Structures are given as structure tokens and as C-alpha cells.
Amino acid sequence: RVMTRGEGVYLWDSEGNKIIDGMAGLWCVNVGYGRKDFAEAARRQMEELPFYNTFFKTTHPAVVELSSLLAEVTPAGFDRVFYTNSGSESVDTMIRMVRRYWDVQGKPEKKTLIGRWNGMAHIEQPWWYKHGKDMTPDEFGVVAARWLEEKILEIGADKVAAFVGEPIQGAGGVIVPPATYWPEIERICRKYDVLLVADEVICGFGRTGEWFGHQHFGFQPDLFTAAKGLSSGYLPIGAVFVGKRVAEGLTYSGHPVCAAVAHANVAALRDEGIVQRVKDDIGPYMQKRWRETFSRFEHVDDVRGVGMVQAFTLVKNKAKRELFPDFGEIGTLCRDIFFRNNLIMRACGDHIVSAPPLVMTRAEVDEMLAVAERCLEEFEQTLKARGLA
């Protein structure tokens, strides 16, 4: 099978089958497929001026225009932006910046960054279904955030540079933390004089209904990182957005052609009302319909989501919060059913996740959920037959 075409939320193959891309590429095709206007933006920039040499102390006008527009949609205080070619480069750049910041502050010892599972250290993820015991989600959020305080005290605050986290952990199975989590993380970071970094690789550019995930969860990072969601994936790009504290402690970056396409993308997300529509219209619709569709199944639990990112977990016994053995095997079984039915929704372990293009219509939401629901019927029937139910 070869892919021949994409438009909106759909991909087409050489056999003429229409496939619903419920993952928007790599969680990043937020304006959807088929933006021929972006092709023109790239063509024009490459015909005119695809380079800009550091010999000149000025900045390529496409990059200037992108930065000016980004400033309008990012939170106040993020006036320094460092462009990269990818999320990976953004993470590397962020790490170097955090460390340099502390060097400049006269604290070169402060070099370790702390992140989460699913000069490095890691803490457990705020996954209540697995780790919550008989705590309420609110109680658990405080406990899970305090794992950061524990790790800071273990390493020593004078050696810790920063905590880095995705507002919602995407690759981890869309683990949505309790409401109490990020405020406690923030208290802990500020208490121990540790920088706070939001990784917006998946939550960026409208995914949660706000422009950035950290805005939805109401925390104020010192920096945040972005990947190719910045261009809806149409060309490789990323960025590190630097807040006032770190900027003060610390011009040429950005491939001009990719910047021109990113500018067209961000302008579309704003001017065509796409992000606002997630917040006001399609987000709440998706979240309601997602929950109406999946909550009833015997082996589905923890149905969850915000804006246009959503998920659930396949489980052996809901009443016991008992997961299937060999976490991942059942998810793969379920994912194969979706794929056989020309629906792209992926599995992380036994979590099923979705992040369709933000432009998805209500009818398209219901179309996707109808296929998914039919697939889950088959999944449940298949479990029974294999004696795994």
C-alpha cells in the first residue's frame, strides 16, 4: 500500500481507500493536510532568498516576521526565541541554555535536569490509574508532584538546573495529570530555585484549546520547547521560547524557508480561528463524544482528554484497576483492528491515543468515533473468544 494524497483529516492510498488520520501525522499536522498555500509560501521564499548570512548583523525578514507573529500568540514575556530544525534540537538547545544560565549566575554546579519516565534524572509519572492507590486524583497530584521535591533533595538543590515536563505526557499515553499537580510542581521548583521548562512538543499550537499546554494547566515555565507543530509538519522546524528571567541571564537562528512556512501555519491557526474553535467548539464536542463513546466498554477505563488530545486505557478489570499482563500486547491487538479499518489511532502500551488535525469537523469527529466504536465492539468480542476477557 502506498499513500497518494492527503486532505484535511484524510489520507488516501493507491487502492482508493480513505484513511482517517486520528493522530495528525506525528501529533503535529494541526492545520490538516492539503495546504497548497504553504507550498506557495515555500516556493516564494526559495525563489527570493532561502539564505541569510551571519556576515550581516541583521536577521532574515521571514524570521523577523515569524517572531513578530509568534509574540502575538505566546504568553507575555517570551520575547526571545531560538529557532531549531526539530524538537530534538530544541531539547538540546534548552539544556545548553539552562546550564549556561546557571553558569552566568555563578552556580556552575547547577547542571542536572530532572524529567519523568515515559546530568539527567527521572521521577515517576503522575499516572493515577496505576499509582494512585486509594488516593483521590487531587491527593495523588500532590503526592506525584512531591516526587520532584524528593528527587531534588536526593541530588541536592545546588546541583539541579531544571525540571522539564510535557503538560500532558503524549508519548507516554496521554497521561493527564490531576489539577493539583502542576501548581505543586511549580511551588517545588521555585522553592528550590530550579528552572521550570514546559515541553510543548505535542501540546503546542492549539492542541489543548489554548495556544500552549502550560496555559491550560496554568503554570508559568521559564522556557518552553516546540517541535514541527510550529509548521504543522510541512517543513522541519522547532524553537525554544525564553522567558524574561532566563533571557536576562543570557539573533541568527532559523532556516528562512522553514520560517516562511511556519509563519503561514501560525497565521492560519490564528486568522482562520482554528485554535479558538478548539477552545470553544470542537474541543468540548470531541471530549464529550469521546467519553460517550468509550466509557461503556467492559475493558476500557480512564477515558480522558483535553481539547483535541484524548485517550483511554485497555484494562483487564475496571473494578480492580487491573491492567493486562505484558502491557502493550493488548494495545497492539486493538491498534491492528483500527488499522484494518482504515483508522489511525495508535497505542502506547495498552493506552489508546488520538490527536487529530484541529480542523476536524463535528461530522468527522462522529465518523471517526463510529469506526472506533465498531472496532472496540470487535475487540471486546475478540477478547472473549481468545479467553482473555
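Basically, rigid core = biggest C-alpha set you can superpose within 1.5 Å across the two forms. Numbers for residues come from their place in the sequence shown, where the first is 1.
Relative to the displayed structure, the C-alphas of 224-232 lie farther away on average in 8 other deposited structures of this protein than those of the other candidate, with 195-203 and 224-232 compared after rigid core superposition. Superposing each structure in 8 other deposited structures of this protein on the rigid core shows that the farther-lying of 43-51 and 319-327, by root-mean-square Cα distance, is 43-51. The stretch of deposited sequence separating residue 118 from residue 119 contains 10 or more residues lacking coordinates in this entry. Going from residue 319 to residue 320, you skip over nothing: the modelled chain follows the deposited sequence without a break. Set 146-154 against 69-77 and average the Cα temperature factors; 69-77 ends up higher. Look at the mean CA B-factor for 27-35 and for 345-353 in the entry; the higher one is 345-353. Within the group 187, 207, 263, 107, the record's highest C-alpha temperature factor is found at 107. The residue among 275, 247, 176, 286 whose C-alpha atom has the highest B-factor in the PDB entry is 247.
Residue 99: CA B factor in the middle third of modelled residues in this chain (values from the PDB entry). Per the PDB record, residue ranking by Cα B-factor puts residue 171 in the highest third of the chain. The deposited CA B-factor of residue 328 belongs to the highest third of values across its chain. Among the modelled residues of its chain, residue 87 has a C-alpha B-factor that falls in the middle third according to the deposited record. The PDB entry assigns residue 301 a C-alpha temperature factor belonging to the middle third of its chain's modelled residues.
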